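Asks:
There are 2 protein chains.
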Amino acid sequence: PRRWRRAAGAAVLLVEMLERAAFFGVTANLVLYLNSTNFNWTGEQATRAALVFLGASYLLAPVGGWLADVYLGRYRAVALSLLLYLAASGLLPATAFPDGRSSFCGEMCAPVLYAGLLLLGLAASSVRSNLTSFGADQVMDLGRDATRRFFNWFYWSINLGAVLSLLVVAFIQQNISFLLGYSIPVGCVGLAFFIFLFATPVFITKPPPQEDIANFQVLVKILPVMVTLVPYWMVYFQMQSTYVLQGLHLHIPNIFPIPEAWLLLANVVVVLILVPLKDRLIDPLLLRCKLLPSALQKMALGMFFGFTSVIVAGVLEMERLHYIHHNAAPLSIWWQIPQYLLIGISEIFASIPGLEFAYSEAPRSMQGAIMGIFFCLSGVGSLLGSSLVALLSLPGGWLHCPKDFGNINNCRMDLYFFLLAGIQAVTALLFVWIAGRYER
Amino acid sequence: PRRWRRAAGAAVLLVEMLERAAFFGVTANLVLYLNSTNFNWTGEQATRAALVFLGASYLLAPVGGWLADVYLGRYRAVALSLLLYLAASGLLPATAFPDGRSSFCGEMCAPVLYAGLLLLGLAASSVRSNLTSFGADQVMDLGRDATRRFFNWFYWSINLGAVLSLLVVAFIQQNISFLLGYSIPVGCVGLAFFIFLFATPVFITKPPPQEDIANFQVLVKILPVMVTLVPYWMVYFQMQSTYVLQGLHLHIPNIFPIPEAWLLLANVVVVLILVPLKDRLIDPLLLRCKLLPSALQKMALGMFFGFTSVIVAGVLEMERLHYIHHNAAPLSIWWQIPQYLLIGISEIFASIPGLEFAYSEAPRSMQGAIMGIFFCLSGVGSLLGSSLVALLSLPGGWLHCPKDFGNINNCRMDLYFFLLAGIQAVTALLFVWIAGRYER
């Protein structure tokens with residue numbers, strides 16, 4: 027933050043959002059190619075595979091980020107991750123040209161796609177973690193309140209990138225043609241790379303025994319606060335789709351003139385609108401009223417808000433069943462915005478304070494490793510939630526509600542929501558206990 | 027515990043259970059007299075008034091116990107409380123003889161009954177608190193593990209006294225006559241007084303500025319751990335009758351050949385059977401496995417078990433509604462024993478560890494005052510739960526379920542149980558946070 031800290035922050039947000047846009051675009055492209063050409067298994071997949079692949083990328087995040095911050099530094103880490111992303115996008119014409127497929131699976157299609165997906169996930173996770181490290185370093189050199197404001201703006205920028213990614217890739221790859229849909233990801237990657245390189249003067253670079307052993311004493315005390323986050327992220331990730339399912343069971347209103373995937377972007381626009389209001393209002397009052405939420409009580413309050421959101425969701429579910437018992454209806458579809466706002470509040474109070482706390486136990490030897498493992502927490506939670514949903518769907522029944530739009534089945538939505546509330550409350554109690562042990 | 031510590035403990039348990047028996051008997055007698063003779067308001071009461079009067083006695087407990095332990099000592103405190111109880115039982119023949127009523131409300157019935165009830169509550173609360181103080185002193189002079197064992201046995205003895213009280217007063221006052229029903233309470237009071245006086249050699253008596307101010311520093315830090323217990327006791331006390339209501343909505347089975373009040377005694381026999389098993393099994397394993405629940409994590413685990421019991425109750429409620437939706454039935458009435466056992470586990474892990482912790486912050490200047498205020502917590506919780514039930518019954522509807530046996534009304538049992546689970550989870554989170562602050 028020498029003189030253009032606003033410019034540096036804007037460049038970081040732009041490159042992050044463009045990287046996310048390219049990530050979603052190339053993932054959708056390769057998934058469509060795999061489902062299309064031969065790929066004997068065909069993946070048996072048409073939608074939602076993007077979520078599980080993002081979870082796998084977060085799963086690969088810890089080791090890749092650790093390698094980046096140990097044997098590559100911090101600037102070379104993002105440079106090489108973006109170069110590997112260029113390699114993936116230059117492999118993309120092989121997906122485009124039929125000669126590429128003929129040369130790939132005409133000999134020893158599947159293995160090359162596996163290698164490309166692995167490299168793509170590694171590069172995306174590494175660049176995300178190291179961009180977070182760069183931004184945190186710059187704004188910690190700027191100021192602590194500035195650090196919190198930048199973290200909120202960074203999460204908001206990630207959400208904005210996800211929204212723009214979804215809309216732009218859908219429009220380009222479904223409206224005009226395919227070659228433009230191939231040049232758009234490489235184009236945004238190239239312009240983000242040029243933005244990054246143009247911002248290298250204002251960016252501050254950093255250089256890459304008993305101290306390593308002492309770091310294990312920090313790891314063994316900071317891990318329990320983060321492993322207990324796995325159940326919370328699990329609950330939140332299945333809620334992310336259960337809210338969409340609940341809205342699908344309701345009668346959508348017709349006001350002011370893909371629908372099933374639109375609620376996923378609604379959950380993102382909710383955060384897109386809360387973070388500005390939060391940044392401009394809550395922080396000044398949270399500083400003048402002296403609540404003293406020193407990066408851990410904020411997280412506990414976020415998970416308490418998540419529990420309250422589950423409470424509101426269960427109340428709405430029981431209200432829906434009560435109307436059916438009265439003797453199909455919107456069932457107060459306009460009463461889902463309060464619970465969506467509550468879950469967005471929980472998300473913003475658990476992610477940004479989570480990053481801030483992960484940088485409280487930062488010490489600069491493996492600062493990116495802790496970010497990689499924190500994102501691995503969310504990845505593990507999403508993957509385990511998806512596995513639980515699959516287990517309760519086909520043989521379970523609890524998650525088989527979408528079939529027959531939840532008319533006659535063993536849906537047990539009330540039971541699922543109540544058990545989810547119990548799990549969230551147990552997670553909150555564990556988090557409070559572990560936080561109490563942490564300060565000791 | 028010189029040589030007959032078993033005898034001293036048995037005498038304390040016997041006098042406590044007999045005092046509770048006389049308490050219930052005389053309360054029922056005076057309530058019946060008030061409802062019967064004229065008492066223009068008539069109380070508008072036939073049953074459940076005993077619970078609210080016990081709550082009022084606990085409400086009077088703090089000030090009376092503080093007076094007892096400040097201006098009377100500890101042995102004179104129980105002596106004078108039992109003497110006041112003798113005064114109440116000697117006022118009882120005025121209730122019996124019509125000449126007593128004619129002399130009471132033939133001039134300036158109501159005021160004398162009010163004074164008698166006030167004195168009875170004061171004496172009962174004072175003797176309960178000071179008996180607890182005596183037992184704790186003796187067994188703390190014996191041993192800490194012995195102190196926990198004695199606390200468990202003391203709660204078990206209170207439950208046994210309640211059961212024997214209910215059965216004996218019902219049988220005597222409904223089967224044979226009234227004069228025997230009048231001599232039974234005075235008889236058990238007299239024999240308990242003689243047991244107490246006969247045990248005075250083995251009993252160890254104790255004698256009755304800046305230190306008082308320093309006690310306020312202890313009070314301001316031990317109160318928050320106990321005020322947060324008010325919501326928990328509130329939830330548990332309305333659960334104590336909501337479980338009975340739920341069992342009433344079920345089809346009772348006919349196996350091995370007042371019914372609505374029998375579940376109240378079932379909730380007591382559940383504790384009557386858990387405390388022996390708990391004492392004989394859990395404590396040795398809790399000491400060999402080294403869980404280290406130093407009188408506070410035990411309380412947190414008790415309230416977590418209470419939350420789990422609410423979870424099981426909600427699961428059962430949703431199961432009951434699901435069968436109705438399937439298209453009255455027992456609805457797994459035998460599946461209420463697990464939730465009753467879980468609520469008994471919560472009660473035993475929240476009361477006995479609660480007493481043990483209240484004696485951890487004992488320092489011997491107002492040791493009985495903290496016991497009086499701890500019982501005042503339960504009294505306030507019971508009274509507030511009863512007020513909430515009344516508010517949700519007549520105009521609310523949530524507690525109006527008993528009318529028409531919950532067939533067609535605004536019962537909202539699912540909503541009530543889910544909101545109760547939310548309140549219990551919030552109470553648990555507050556208790557964990559306050560406990561974390563307590564050790565600091």
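In the order they appear, the protein sequences are chains B and A. Numbered per the authors' numbering, the first sequence spans residues 27 to 134, 157 to 256, 303 to 351, 370 to 439, 453 to 565. Numbered per the authors' numbering, the second sequence spans residues 27 to 134, 157 to 256, 303 to 351, 370 to 439, 453 to 565. Beta carbons: idealized from backbone N, C-alpha and C, even for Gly.
(1) Would you say residue 554 of chain A lies against chain B (beta-carbon separation less than 7 Å)?
(2) CA-CA distance, residue 422 of chain A and residue 82 of chain A?
(3) Could you compute how far the alpha carbon of residue 493 of chain A sits from the alpha carbon of residue 507 of chain A?
(4) Residues in the same chain with beta-carbon distance under 7 Å from residue 502 of chain A, minus the five sequence neighbours each way, listed in chain order, please.
(5) Skipping 5 residues on each side, what residues in its chain have a beta carbon closer than 6 Å to that of residue 107 of chain B?
(6) Taking the alpha-carbon of residue 76 of chain A as reference, which of A/49, A/63 and A/98 has the nearest alpha-carbon?
(7) Between the beta-carbon of residue 458 of chain A and the beta-carbon of residue 376 of chain A, is there less than 7 Å?
(8) Would you mind sorting residue 248 of chain A into buried or exposed? The rule is 16 or more other CB atoms within 10 Å of its CB.
(9) Residue 557 of chain A versus chain C: which residues are under 8 Å apart at the beta carbon?
(10) Using three-state DSSP, classify residue 212 of chain A as helix, strand or coil.
(11) Quick check: what's the CA-CA separation for residue 241 of chain A versus residue 315 of chain B?
(12) What's the call for residue 454 of chain A, buried or exposed, on a 16-neighbour Cβ count within 10 Å?
(13) Would you be able to state if there are at least three C-beta pairs under 8 Å between the segment 481–492 of chain B and the segment 405–425 of chain B?
(14) What number of angstroms, rounded off, separates the C-alpha of residue 356 of chain B from the C-alpha of residue 471 of chain B?
(15) Go ahead and pull the three-state DSSP assignment for residue 528 of chain B.
(16) For the structure I just gave you, are there three or more beta carbon pairs, one from the segment 415–431 of chain B and one from the segment 544–552 of chain B, closer than 8 Å?
(17) Helix, strand or coil, according to DSSP, for residue 410 of chain A in the structure here?
(18) Answer yes or no: does any C-beta atom of chain A fall closer than 7 Å to that of residue 550 of chain B?
(19) Taking the alpha helix (DSSP H) that residue 468 of chain B belongs to, which residues open and close that run?
(20) Could you pull out every residue in the same chain whose Cβ sits closer than 7 Å to the Cβ of residue 233 of chain A, ignoring the five residues on either side in sequence?
(21) Do the segment 553–561 of chain B and the segment 553–560 of chain A make contact, defined as three or more Cβ pairs closer than 8 Å?
(22) Short of 7 Å Cβ to Cβ, which residues in the segment 417–434 of chain A face chain B?
(23) Using DSSP with H/G/I as helix, E/B as strand and the rest coil, what is residue 429 of chain B?
(24) Under 6 Å Cβ to Cβ from residue 41 of chain B, same chain only, skipping five residues before and after it: list those, please.
(25) Just to confirm the assignment: which complete alpha helix (DSSP H) runs, minimum length 4, are found wholly within the segment 372–426 of chain A?
(26) Is the CB-CB distance between residue 550 of chain B and residue 550 of chain A below 7 Å?
(27) Does DSSP classify residue 71 of chain B as helix, strand or coil?
(28) Could one say the Cβ of residue 530 of chain A lies closer than 7 Å to chain B's Cβ atoms, at least one of them?
(29) Return the residue from the list B/255, B/164 and B/224 that minimises the CA-CA distance to residue 111 of chain B.
(30) Report the CB separation of residue 31 of chain B from residue 186 of chain B in whole angstroms; it is logged as a contact under 8 Å.
(31) Please list the partners that residue 120 of chain B has in chain A, where partner means a Cβ-to-Cβ separation under 8 Å.
(32) Can you tell which of B/456, B/158 and B/329 has its C-alpha closest to the C-alpha of residue 512 of chain B?
(33) Would the segment 380–390 of chain A and the segment 528–542 of chain A be scored as touching if the rule is three or more Cβ pairs under 8 Å?
(34) Could you give the C-beta distance for residue 251 of chain A and residue 182 of chain A, rounded to a whole number, given that I count them as a contact under 8 Å?
(35) Leaving out five residues before and five after residue 117 of chain B in sequence, what residues of the same chain have Cβ atoms less than 6 Å from its Cβ?
(36) Residues of chain B with CB closer than 7 Å to the CB of residue 547 of chain A, please, in chain order.
Replies: The structure says:
(1) yes
(2) 27 Å
(3) 21 Å
(4) 320, 323, 324 and 327
(5) 171, 174 and 175
(6) A/49
(7) no
(8) exposed
(9) The chain inventory of the structure shown lacks chain C, comprising the protein chains B and A.
(10) helix
(11) 58 Å
(12) exposed
(13) yes
(14) In this structure residue 356 of chain B is absent; chain B steps straight from 351 to 370.
(15) helix
(16) yes
(17) helix
(18) yes
(19) 462–483
(20) 48, 51, 52 and 115
(21) yes
(22) 419, 423, 426, 427 and 430
(23) helix
(24) 240, 243 and 244
(25) 374–389 and 395–400
(26) yes
(27) coil
(28) no
(29) B/164
(30) 7 Å
(31) Neighbours of residue 120 of chain B on chain A: none; closest Cβ ~54 Å, over 8 Å.
(32) B/329
(33) no
(34) 7 Å
(35) 164
(36) 423
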